[PDB]
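For reference, the chains in residue letters:
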Amino acid sequence: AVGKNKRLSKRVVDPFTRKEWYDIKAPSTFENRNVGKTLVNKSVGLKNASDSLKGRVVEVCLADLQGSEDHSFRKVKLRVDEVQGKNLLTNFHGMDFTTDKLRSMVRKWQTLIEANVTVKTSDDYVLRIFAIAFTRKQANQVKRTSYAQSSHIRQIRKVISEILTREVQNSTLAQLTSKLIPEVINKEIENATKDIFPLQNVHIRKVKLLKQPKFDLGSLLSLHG
Amino acid sequence: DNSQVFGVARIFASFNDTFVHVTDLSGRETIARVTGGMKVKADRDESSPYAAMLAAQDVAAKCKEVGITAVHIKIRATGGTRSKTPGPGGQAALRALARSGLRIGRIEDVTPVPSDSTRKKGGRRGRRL
Amino acid sequence: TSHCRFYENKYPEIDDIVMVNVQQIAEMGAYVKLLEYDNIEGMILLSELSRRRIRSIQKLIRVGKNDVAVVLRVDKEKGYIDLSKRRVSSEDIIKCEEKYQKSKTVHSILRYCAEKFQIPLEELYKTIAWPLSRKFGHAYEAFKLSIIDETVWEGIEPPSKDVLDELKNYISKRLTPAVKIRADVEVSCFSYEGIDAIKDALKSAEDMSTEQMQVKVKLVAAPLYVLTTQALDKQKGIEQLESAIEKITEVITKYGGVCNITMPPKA
Amino acid sequence: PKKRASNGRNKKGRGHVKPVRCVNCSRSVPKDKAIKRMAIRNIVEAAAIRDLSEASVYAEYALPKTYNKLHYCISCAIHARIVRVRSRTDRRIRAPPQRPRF
Amino acid sequence: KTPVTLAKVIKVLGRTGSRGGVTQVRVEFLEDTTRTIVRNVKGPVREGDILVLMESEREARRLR
RNA sequence: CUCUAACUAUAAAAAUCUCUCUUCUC
RNA sequence: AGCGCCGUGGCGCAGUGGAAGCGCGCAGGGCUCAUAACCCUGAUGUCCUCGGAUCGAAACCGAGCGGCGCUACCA
Ligand SMILES: [Mg+2]
Ligand SMILES: [Mg+2]
Ligand SMILES: [Mg+2]
Ligand SMILES: [Mg+2]
Ligand SMILES: [Mg+2]
Ligand SMILES: [Mg+2]
Ligand SMILES: [Mg+2]
Ligand SMILES: [Zn+2]
């Protein structure tokens, strides 16, 4: 189609010859330390390529970093911070679900439970954690809904807040992520809330990094290699 | 992993002029931007499945020659306030990528969802065609 | 013999503009000849024919006459062209028709030269026309410069210098215009001697009239004096008329009056 | 006359409800008189499932489903045949069309 | 180029089109009979007949 | 005396209308 | 008076350079139960007048006519 008239308000080259492949290395928390590849323009001084990479973020499926298929719904945002040349170092930047799992997960005739929390980890990491849970029809049920009274929501949500904030304000990000990969926090949540209401399908979604202190080179070194 | 050089499809599929635009796995470097309107003329077949097929084949050729072998696919409807439904060309483009050599992994929907805010275009009674 | 392309190749290029003549409309549309490129056929089927709803079939096609056109696809094996007419914006159509007018005009002169010397028109286009279109963007502008400057032909390899001579003759006879540069001078004097000042002013002004460029300051009104000259290069009249302005200001800044410029020199 | 003792809305004693916008023509309608449909379907059509399964790594991919609850104004709903005009005695039956494929 | 393929029709999935002239055909590619497509045929046809195609992956929707 | 799975792809435009009303009883 | 234009098929526009153009008109038939809208098809012109260049002028231009917008009534 020629459509556009040419509202102007052939210098042809091979643009991808000026580009190169760099490997991806993930923190030791995940089993699969190598993630994939990334295309970067060649190192031209004064706008070096190394500056070009630093700050790149990426979405990677958690199965690809664990190899298992019980993690078929989670994804991790990784942020590159270090450059080695022909190999790069990425830091954990956040966690999230897949949209499909979450939309399938919310259902008619059951009240969902959401909890926000802003926390400070052991070192400096200003984080925010989102918790999603759902009520449960007990295995005797003939009253064929599973609604919860508002007071029970306030109680359960306060429990969610205390558990998340207590767990997270103890450890650095790495220990937190290693706790997260098998969701010990999930199990403890359903354990501490089952007294109030059955509260099925508890999970932790969309864990976000909000602030990091300066550079922390040594820890990132320790997490890769 | 036998060195499948992953890429990402990031299909955008509206009621009008579906988009296929491969970037790096980081989602920063463009590969084969070629769109739905590139390979169709009458501008009405912009959303037609055949448009998606043709753009998909062009992307497949360029992608295979640059080096990306496996492609991660994300389908995006118009999203935002607008209509929430995947474009008719999305299925055709996805099928066409699936056939043409490039391997597929981790397809998910990326269509944004608001919290029903920023009142939708149309007025009260809306489009009264 | 009337034939041959107007542009470089024989085949039209993708996503370009042409202007075609219609001769015949069978069922699916009109496959028609092109007047911007060569003489091969190219089809417009009914879907890409009328921007408005398809009501008048013969009224909007008018078999036998010319119309703007846009090429979509080219089959570079046999000579088949896919083409449309809806898809040319209102802004576009005018440049489309201007390019056609230019291409048509450049055609007839070389047609005359080829007929006279019995040389194929293809040869004349290959030798003189195409390098001119490369040098100057278009050949008609090249001929306009040829009227002004003889150097534009320097670098071309004629099939014979007799072609050059008769082409000079026919271009000078056919393409001849020398745009008129006009201006308006405001005499705002409240002074004592102004008539003699104006007499001396036009004496000085018309003393600069060259053999090829003659400046006359005609009277149309007392304050407004209209300056008329014919510039052949369109680049000397401005300076000569600014010289006239300098003359008039120098004359009247000492007689006591005031004079000002209303309209400077312009084509 | 009184055609709809329920007045269609299914409101019955709440004063007023927030209005949603038609996903076809953006006709603002109260959320209750706002006939709704679940868009529970596989992300890919059944005509290409194998074309993905064999031509993709990770054998036995989950094949995710897309989820949506679209809102239809009654005008677009009756025009696009999701809702159907029903006989006067048939207007009683609130039961769905009994599992379209049984 | 002529990448035509022969596909044997195994089922006539009813008829469609504006005037009712074109027919649904479930074709099965003669090369690699494992694959099946639905397409749209002008003119009468029965099961077991074969068709010649230029486009192969185009699974056109119902004409309307 | 016994059980919750299938999901599609529709909107070009179309204004107006002169008489004439005639009935039920074994 | 000079300038900026114009000179029509019934009216309006148009290219000016290859030589009767389109809409609006009107006549006729077509759709319509029928009218209007809409389809299609016609019979009419010194593209103002004299010239000069041109293979060719209605067209490029001049030497003149008529109608105009200004400049301005320009002892
Ligand atoms: Mg309407
Ligand atoms: Mg309507
Ligand atoms: Mg009523
Ligand atoms: Mg009534
Ligand atoms: Mg209702
Ligand atoms: Mg009350
Ligand atoms: Mg009336
Ligand atoms: Zn609607």
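As named in the PDB entry, chain E is Small ribosomal subunit protein eS28, taken from Kluyveromyces lactis NRRL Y-1140. UniProt lists a comment for chain E under the heading Sequence similarities, and it reads "Belongs to the eukaryotic ribosomal protein eS28 family."

Per the PDB entry, the recorded name for chain C is Eukaryotic translation initiation factor 2 subunit alpha, and the organism is Saccharomyces cerevisiae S288C. For the record of chain C, the UniProt heading Subcellular location holds the text "Cytoplasm, Cytosol". Of the comments in the UniProt record for chain C, the one headed Sequence similarities reads "Belongs to the eIF-2-alpha family."

J.: It is not clear to me how the coordination of the zinc ion (ligand 8) should be interpreted in this structure. Could you clarify?
T.: When four donors bind a metal tetrahedrally, each ideal donor-metal-donor angle is 109.5 degrees, and when six bind octahedrally, the ideal angles are 90 or 180 degrees. Residues and elements named next belong to chain D. At this site the zinc ion (ligand 8) is bound by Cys-22 (SG), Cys-25 (SG), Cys-73 (SG) and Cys-76 (SG), with donor distances of 2.3 Å. Around the zinc ion (ligand 8) sit four donor atoms, and with donor-metal-donor angles ranging over 100 to 118° the site reads as tetrahedral. Ordering the donors of the zinc ion (ligand 8) by residue number gives the pattern C-x2-C-x47-C-x2-C. Relative accessible area serves as the criterion here: at 2%, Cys-73 is assigned to the buried category.

J.: Would you mind showing me how to read a positive patch on the surface here?
T.: All names here are of chain D. Side chains of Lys-2, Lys-3, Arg-4, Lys-12, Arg-86, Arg-88, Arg-91, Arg-92 and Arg-94 sit close together on the surface and give a patch of like positive charge. Structurally, the position occupied by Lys-2 is in the segment before β1 (19-21). On the basis of relative accessibility, which here comes to 59%, the residue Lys-2 falls in the exposed class.

J.: Any chance you could explain the protein's contact with RNA strand G here in plain terms?
T.: Residues and elements named next belong to chain C. In the vicinity of RNA strand G there are 14 residues, among which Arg-62, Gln-101, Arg-111, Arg-174 and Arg-182 approach most closely. Here, RNA strand G places atoms within 4 Å of the protein, and 70% of those atoms are sugar or phosphate. Separating a phosphate oxygen of RNA strand G from a side-chain N or O atom of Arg-55 is a distance of 3.3 Å. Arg-111 has a polar side-chain atom sitting 2.8 Å from a base oxygen of RNA strand G. Secondary-structure elements contributing two or more residues to the surface near RNA strand G are α1 (90-117) and α4 (161-174). Among the elements that line the surface near RNA strand G, the one with the most residues is α4, at three residues. In the surface near RNA strand G, the residues fall into four nonpolar, three polar and seven charged.

How each quantity is defined
- Residues numbered from 1 in each chain as written, not as in the entry; some residues may be left out.
- Chains lettered and ligands numbered in written order.
- Part of a larger assembly, values for the part shown.
- Heavy atoms only, no water.
- Residues with missing side-chain atoms left out of burial classes, pairs and counts.
- UniProt positions renumbered as here; feature names shortened; annotations may be inferred.
- Donors = N, O, S within 2.8 Å, 3.2 Å for Na, K, Ca; no water.
- Tetrahedral: all angles 85-135°; square planar, octahedral: opposite > 155°, others 65-115°.
- Buried < 20%, exposed > 50% of the residue type's maximum accessible area, 1.4 Å probe, protein only.
- Patch = residues over 30% accessible without salt bridge, like charges linked within 9 Å, V, L, I, M, F, W, Y side chains within 5 Å.
- Areas by Shrake-Rupley, 256 points an atom, 1.4 Å probe, with all protein chains shown as cover.
- Salt bridge = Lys/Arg side-chain N within 4 Å of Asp/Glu carboxyl O.
- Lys, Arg positive; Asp, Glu negative; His and termini not counted.
- Charge placed at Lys NZ, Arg CZ, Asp CG, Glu CD.
- Helix = DSSP H or I, 4+ residues; strand = E, 2+ residues; numbered from the N terminus.
- Near = heavy atom within 4 Å.
- Polar contact = N/O pair within 3.5 Å; in protein donor to acceptor, adjacent residues only side chain to side chain.
- Nonpolar A, V, L, I, M, F, W, Y, C, P; charged D, E, K, R; others polar.

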